[PDB]
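What the coordinates show
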Amino acid sequence: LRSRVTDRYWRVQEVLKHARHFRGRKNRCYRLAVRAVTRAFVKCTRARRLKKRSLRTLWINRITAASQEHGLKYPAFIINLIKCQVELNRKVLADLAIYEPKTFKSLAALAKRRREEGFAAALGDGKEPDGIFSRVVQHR
Amino acid sequence: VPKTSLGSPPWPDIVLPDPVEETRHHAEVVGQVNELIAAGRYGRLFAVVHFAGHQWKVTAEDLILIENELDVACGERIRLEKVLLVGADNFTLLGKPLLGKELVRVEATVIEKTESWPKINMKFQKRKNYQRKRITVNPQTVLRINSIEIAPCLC
Amino acid sequence: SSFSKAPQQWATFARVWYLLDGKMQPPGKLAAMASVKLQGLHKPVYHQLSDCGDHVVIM
Ligand SMILES: [Mg+2]
Ligand SMILES: [Mg+2]
């Protein structure tokens, strides 16, 4: 009972589906296609991992620029926003930086205020005064 | 103590207001914004929401895509609870680190329950003869956001 | 805040000429900020694939 593979056409089609937009001979010849397609998928999955650090880099830059406009550097801005107990994404923060410049300058004013409060608190060398923005709320 | 380029600390001097005047000024400012809320002068609100492990920026009539399945009938009206920011042209409310329920309310509708487009994930190794190809399909949920309401009570 | 679409587009991505006076400055510290402004890295709308970046005139 001799058997041959009749459906070889669709087997090839399934790997050429992905190969159509490649340059040169990879979009035709089944060898070249197979290899370039495996390459393509591997870089696909690595890109999934990268694109999270890329987007986060982008965000940090935009936050840095927005912060620079108001004369405050990136680390200062972020730390002080945190020490005020305001937890905001860098995604949400960069979006505020572009599409709501007013609110964002409000934030930068807040952070700057909180920081000067910090310098004054630590240089003052006494334990008593709580700057109005230095109090810490425990939730109920 | 004459002036040399060092003996003077290199930064503007810090001017910090008295706590009393600040308590008065805060009571007053909050009072005023409160009068704006009562008046109804806020044109359009935008909120920063925390949902399903992410933060989002949301306004009425908008749309977002949540990455997992929620158990809700299609078309039901959800009330989102943890709210980080609320803002409007003239004023902004900031939560530490959350906005109280009685203050603001944001109501959305679930539009679409979907399975995501196939995501192709493949591990490979040089001349170890190791390949693994796996295609992923993720349940997704689209939300229409209906309304952001803001109540007068602020003290 | 309410502009037509074409003019909003134009206003956002406008190229802005900067003047920077040089006399008695370390050429490195000069090139630091000169480069930042050149590249568009002061604009919150910045992205690598956008053409955005501004003229710089050093005198
Ligand atoms: Mg036969
Ligand atoms: Mg992960």
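Cut-off values and rules
Residues numbered from 1 in each chain as written, not as in the entry; some residues may be left out. Chains lettered and ligands numbered in written order. Part of a larger assembly, values for the part shown. Heavy atoms only, no water. 1 Å grid on protein atoms, 1.4 Å probe; cavity = no way out; pocket = protein on both sides within 12 Å on 5 of 7 lines; lining within 4 Å. Points joined across faces, edges and corners; volume = space filled by probe spheres on them. Helix = DSSP H or I, 4+ residues; strand = E, 2+ residues; numbered from the N terminus. Nonpolar A, V, L, I, M, F, W, Y, C, P; charged D, E, K, R; others polar. Contact = heavy atoms within 4.5 Å. Pairing = 2+ DSSP bridges. Axes fitted to C-alpha atoms, helices over the stretch in contact; angles between N-to-C directions.

This entry, as listed in the PDB, derives from cryo-EM and reports a resolution of 3.40 Å.

This entry appears in the Protein Data Bank under the title "Structure of the large subunit of the mammalian mitoribosome, part 1 of 2".

**Structural notes on empty space enclosed by the protein**
All names here are of chain B. Evaluated as defined, the whole model comprises two cavities of 30 Å³ or more. Here the largest cavity defines a volume of roughly 70 Å³. Lining the largest cavity are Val49, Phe51, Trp56, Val58, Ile64, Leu80, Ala108, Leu143, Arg144 and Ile145. Those elements that provide at least two residues to the lining of the largest cavity are β1 (46-51), β2 (54-59) and β10 (139-150). Looking at the lining of the largest cavity element by element, the count peaks at three residues for β10. Of the residues contributing to the lining of the largest cavity, the split by class is nine nonpolar, no polar and one charged. Every residue along the wall of the second largest cavity is listed here: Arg79, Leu80, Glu81, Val83, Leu99, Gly100, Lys101, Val104 and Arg105.

**Side note on the environment of A:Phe22**
Here A:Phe22 shows up in the loop between α1 (8-16) and α2 (30-69). Dropping the residues within four chain positions of it, A:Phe22 is found in contact with A:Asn27, A:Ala36, A:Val37 and A:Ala40.

**Remarks on the sheet that holds strand β7 (residues 104-115) of chain B**
Residues and elements named next belong to chain B. The strand order β3-β10-β7-β4 describes an open sheet built from four strands, whose pairing is antiparallel. The sheet terminates laterally at β3 (63-66) and β4 (77-80), the two strands that pair on one side only. Direction aside, the axes of adjacent strands within the sheet are offset by 40° on average. Here β4 runs beside β7; their pairing, made up of four bridges, is antiparallel. Across the sheet, the residue bridging to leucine 80 is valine 106, located in β7.

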